[PDB]
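Protein chains in written order, with the deposited numbering: chain A, 453 to 621; chain B, 780 to 828; chain C, 342 to 390; chain D, 1023 to 1118; chain E, 50 to 56, 62 to 146; chain F, 94 to 438; chain G, 245 to 292; chain H, 2 to 170.
All C-beta atoms in this analysis are idealised placements derived from N, C-alpha and C, irrespective of residue type, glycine included.
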Amino acid sequence: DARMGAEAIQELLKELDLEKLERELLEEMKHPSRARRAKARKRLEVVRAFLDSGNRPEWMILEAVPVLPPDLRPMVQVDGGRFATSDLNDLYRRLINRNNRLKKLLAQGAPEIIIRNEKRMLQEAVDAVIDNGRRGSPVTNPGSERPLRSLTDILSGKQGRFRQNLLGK
Amino acid sequence: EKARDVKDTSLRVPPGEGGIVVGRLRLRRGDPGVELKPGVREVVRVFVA
Amino acid sequence: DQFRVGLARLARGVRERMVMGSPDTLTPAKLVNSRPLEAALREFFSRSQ
Amino acid sequence: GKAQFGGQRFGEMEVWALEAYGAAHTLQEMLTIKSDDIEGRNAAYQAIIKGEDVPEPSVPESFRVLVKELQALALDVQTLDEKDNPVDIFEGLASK
Amino acid sequence: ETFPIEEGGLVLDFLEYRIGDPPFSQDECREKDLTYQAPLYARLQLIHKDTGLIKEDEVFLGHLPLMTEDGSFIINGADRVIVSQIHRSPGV
Amino acid sequence: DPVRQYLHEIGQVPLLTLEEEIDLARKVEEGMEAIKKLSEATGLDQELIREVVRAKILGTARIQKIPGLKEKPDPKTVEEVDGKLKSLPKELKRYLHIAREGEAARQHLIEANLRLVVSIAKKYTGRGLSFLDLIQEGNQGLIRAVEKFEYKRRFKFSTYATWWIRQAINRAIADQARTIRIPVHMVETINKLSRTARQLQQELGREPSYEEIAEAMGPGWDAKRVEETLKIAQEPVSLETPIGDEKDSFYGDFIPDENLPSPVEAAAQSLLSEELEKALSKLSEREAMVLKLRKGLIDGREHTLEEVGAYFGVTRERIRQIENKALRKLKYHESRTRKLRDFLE
Amino acid sequence: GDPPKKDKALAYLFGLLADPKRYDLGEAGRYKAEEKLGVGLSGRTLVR
Amino acid sequence: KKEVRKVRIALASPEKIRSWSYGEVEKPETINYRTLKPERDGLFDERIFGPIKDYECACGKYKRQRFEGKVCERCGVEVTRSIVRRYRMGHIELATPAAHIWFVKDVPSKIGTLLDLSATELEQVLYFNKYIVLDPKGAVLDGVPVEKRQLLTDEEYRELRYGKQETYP
DNA sequence: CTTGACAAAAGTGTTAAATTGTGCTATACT
DNA sequence: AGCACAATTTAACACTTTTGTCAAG
Ligand SMILES: [Zn+2]
């Protein structure tokens, strides 16, 4: 089983035993060398976070897509006859396009090559709708300039909603 | 007074620019040497001094 | 500076509209384009610094 | 700007300035009643028009946006109350 | 620089460019919300590396904005300005 | 890196010359006819067992396990078809392998011509798809041209494929690009018109006019039909488009909210909802409670005269006069108190 | 990205240097740089 | 109904996300080019994201406050205020399971230190450029039998699952 | 507060005109 | 880029019902 991409990661992340790894790391902490010991510390911090929060790590690999309400990033016309749309909208659009075409290829029985191509384009589009440009060159409006502002792109930055809106308005 | 089909639209004057009208510039769709936006009717740009 | 790059952007649009259609005799009129150059110049004449 | 016909900005520096003196409710109005808060800003005009005191705000509505915004990233926004218990941010809204 | 545009192939070369006459005077543009621009025609010849077809035709480019007397242009009725850019001269 | 990715993935597997090509197509058609042959074996549709081949070929558990919450599950609607034709003599069990190898050879020939499909979508860029998209849908067009191809006709598959790739691409254009859904024919006519314009522009040495451009378009083409749909064509506008020349200003931040009634309207409306309640009490217990039922004031839905007269025991006529008189009788109180005389908009 | 073909490096790299149309070394650059280093560079190119 | 003095934040699960959603938007069509109304599956859909007009459903089978909350049986639109369109979320059922870029490109690299991997190597994996081992099944590799938590490549995987072979023209 | 009579507004149904969604095109073309 | 054609939607239209109204009770 060589499974590549998110699928495999989902399976293994699911298989994880929080407790066992915990004890193992605890013993690994007593290692005399600062390397194994530091590693054990800095690593176990994560496992610990999971053990306490009771949140399962496999959740990191998501099957559903938390799609923000429509009126939170609408498309509304203005005076003059032309409409106006948010950036996250077109982002979500590319996301579902790849998502559907992928299914189309799946049931189709298409060969492995095409599969990996679209199946990967899924991870890149999806992750682009979350943080656009933290991995690889950002995606911009077709043929123009300004990189679509994704979810994580609205939060951070000096104009982040935490600042331009909620810590001052 | 019935609620009539058409409601007021017309462009008033800004709160703090009191002028006097000078330039009366009308541009109707269908006139020589004027090409308006795709599917718009007559416009007007009035000057206020 | 924008005339040149904005012309090259049409140079490729010329070399592409060649490899197909009717290679026998195509007047350069069907070969050349307007927008790839025009819009490329207007770009600098409006939205530049 | 005077163009769109709107009020000035209370951005973080101003907020801190208020926190300094210690004016709490003054900051409340800023973050809610006199700014964004949905039923709040209306209840204000209601009160003042009726010659009374405006009720204390609840939902800033900008924050309400932030809630679902985070949720879009699969960030469970859990609002607690006075002792580790559920709270309905969006009044009777998304409760499915 | 951008010529000849080559590709049994095509040698389309450059010949000239007709200086356009302003369609609308700098006034008309300022009151029409139109840019002060003139059609810049272009003349060239399409030839073939084999057929020897010398077929020539005067094509057309687009509309190029024109400068006023003072040194400012007219963009959509709003006159604008092109300032100067600075940087170390090319070289070594 | 996704760009280099596909290129280096397809560059791994070579192409196919006439030998391999003709052979592969023959294999595929043999598998197909083998399926049709076994379609009478147990009485299963030619498409049924066809996909039943996929169960053990291009994935074991991954083809039917998640086409949504429901599809054709491995244990239920699949397994009884996998172990059904599984007991048949030689003259049947052989067509199984014919279908196995045909089905594989299909995907094979596809992979072989992939190095073409990509080199095809290269011209079709600028459609609102940066390469990889175009290529994907093109690959779909290949899959189509594959099962529809016929080697017997002595045609090079590179010719048959291209015409389908260009199709699945030029189709994907209208179903992707414009944020607003624009039906195929719409875009078709768009490109037609814009082609004519972008053509006679150089001809006339200037831009056309809605009358002269639509003129060369055909019948029923006036200034309207072109200028009208011209609006439709135009895509929406990114709210992140900077306004002015300074780096602060956003587009979206420049749009109002009229969706929710403004506070001034909260009080403006809540005022009338009351002031009409106090100026109402001067009406008889009939002509008031009835005067509400005709305005949708009571249950919020309007109650026609016919029903009101049924509620009070009166007739479809009496309520009619009741409303008239009761109403103007209030007009006197209004014109004498000036309490409500506003709200005239 | 592109395969290490012997003809690709004949075209690309060439177009980056000896090509006055893809490399415009300003008349100043072809001038100023010309009188420092003690040389005769002809075109606006780098190599020939 | 209760004084809110506390607000937590944590990870969400595919199930919880499924719950947040009122339906799965599919079609890329934002809104019609004609009716400019929310499409059947449109991102801005009014069918499951709630009405744009208070209490007025799409078709208008229920146009008033009178019938409150009653789900429309004709056009499929729950009668309520247009505010729900700003809160009620949605979701997309992703064909193949996919991950979240955050935990990946993050500074401590959550998933990485989690499963005990490195940003680079795990990157090759998640993005479908490189296979990884799950239960090798006794598979030998270059004298060292491959084991779980290891990485493979396009060739070797086939050379193991489909066997090695050479070609001689 | 009421009856019969009756225009206009509104309703139920079929068909025509319009709109919209799909499938194909084979010299060869990687 | 262009096209024939099936699938729906929308529009035109034929006619019944409801509701509002006039004059007299
Ligand atoms: Zn309804």
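Asked: From what residue to what residue does the beta strand (DSSP E) around H/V72 run?; Found: Where H/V72 is concerned, there is no enclosing beta strand (DSSP E), given that its DSSP letter is neither H nor E.
Asked: Would you tell me roughly how many angstroms separate the C-alpha atoms of F/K169 and F/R187, rounded to the nearest one?; Found: 25 Å
Asked: Specify, as a first and last residue, the run of the alpha helix (DSSP H) that F/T322 falls within.; Found: 316-326
Asked: Is H/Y63 near ligand 1 - that is, is its Cβ less than 8 Å away from at least one heavy atom of it?; Found: yes
Asked: Please list the terminal residues of the continuous alpha helix (DSSP H) segment that includes F/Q139.; Found: Per DSSP, F/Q139 belongs to no alpha helix (DSSP H) and is neither H nor E.
Asked: Excluding the five sequence neighbours on either side, which residues of its own chain have a C-beta within less than 7 Å of the C-beta of B/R808, listed in chain order?; Found: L815, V819, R820, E821
Asked: Report the partner residues of E/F68 according to the DSSP bridge assignment.; Found: E/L98
Asked: Taking the straight line between their C-alpha atoms, what separation do you get for F/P166 and A/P509?; Found: 28 Å
Asked: Ordered along the chain, which non-local residues of its own chain (more than five positions away) have a Cβ less than 7 Å from that of residue 61 of chain E?; Found: Any structural detail on residue 61 of chain E is unavailable, because chain E resumes at 62 straight after 56.
Asked: In whole angstroms, give me the CA-to-CA distance for C/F344 and F/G337.; Found: 25 Å
Asked: Under 8 Å Cβ-Cβ, which residues of chain F neighbour H/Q66?; Found: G393
Asked: Measure from the alpha carbon of A/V519 to the alpha carbon of each residue in A/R615, A/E474, A/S602, A/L607, then state which is nearest.; Found: A/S602
Asked: Quick one, which of D/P1108, D/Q1093, D/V1081, D/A1025 has its alpha-carbon nearest B/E796's?; Found: D/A1025
Asked: Going by the CB atoms, is the gap between F/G161 and H/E16 shorter than 9 Å?; Found: no
Asked: Could you check whether the Cβ of H/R75 sits closer than 8 Å to any heavy atom belonging to ligand 1?; Found: yes
Asked: Could you list which residues in chain C have their beta carbon closer than 9 Å to that of F/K216, in chain order?; Found: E357, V360, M361
Asked: Please name the residue, chosen from F/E399, F/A265, F/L376, F/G195, that lies closest to F/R387 on a Cα-to-Cα basis.; Found: F/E399
Asked: In chain F, which residues lie with their C-beta within 7 Å of the C-beta of H/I32?; Found: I273
Asked: Hey, does H/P29 have any beta-carbon neighbour from chain A nearer than 9 Å?; Found: yes
Asked: Examine chain A for any beta-carbon lying closer than 9 Å to the beta-carbon of D/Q1050, and answer yes or no.; Found: no
Asked: Tell me which residue opens and which closes the alpha helix (DSSP H) that F/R97 is part of.; Found: 95-103
Asked: Label H/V26 either buried or exposed according to how many other C-beta atoms from any shown protein chain fall within 10 Å of its C-beta, with 16 as the threshold for buried.; Found: buried
Asked: For the alpha helix (DSSP H) containing A/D504, list its first residue and its last residue.; Found: 486-505
Asked: Please identify, using Cβ separations under 8 Å, the residues of the segment 72-86 of chain H that lie next to chain D, in order along the chain.; Found: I84, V85
Asked: Pairs of beta-carbons, one from the segment 109-116 of chain H and one from the segment 591-611 of chain A, closer than 8 Å: are there three or more?; Found: no
Asked: Can you tell which of F/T272, F/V280, F/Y244, F/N232 has the C-alpha that lies nearest to the C-alpha of F/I258?; Found: F/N232
Asked: Shorter than 9 Å from the beta carbon of A/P594 to some beta carbon of chain H?; Found: no
Asked: Would a C-beta distance cut-off of 9 Å place F/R143 and H/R67 closer than the cut-off?; Found: no
Asked: Quick check on DSSP: helix, strand or coil for H/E25?; Found: strand
Asked: Give me the chain F residues within the contact set of H/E57, using Cβ-Cβ distance strictly less than 9 Å, ordered along the chain.; Found: Chain F residues near H/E57: none, gap ~12 Å exceeds 9 Å.
Asked: Could you tell me if the beta carbon of H/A59 falls within a distance shorter than 8 Å of some heavy atom in ligand 1?; Found: yes
Asked: Comparing the C-beta of H/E40 with each C-beta of chain F, is any distance below 9 Å?; Found: yes
Asked: Give me the Cα-Cα distance between F/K129 and F/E194, rounded to the nearest whole angstrom.; Found: 15 Å
Asked: Note down, one range per segment and in chain order, each beta strand (DSSP E) of at least 3 residues found wholly within the segment 519-555 of chain A.; Found: none
Asked: Would DSSP call residue 890 of chain B helix, strand or coil?; Found: As displayed, chain B neither begins before 780 nor continues past 828, which places residue 890 of chain B out of reach and without an answer.
Asked: Considering only the beta carbon of each residue, do A/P484 and F/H201 sit closer than 9 Å?; Found: no
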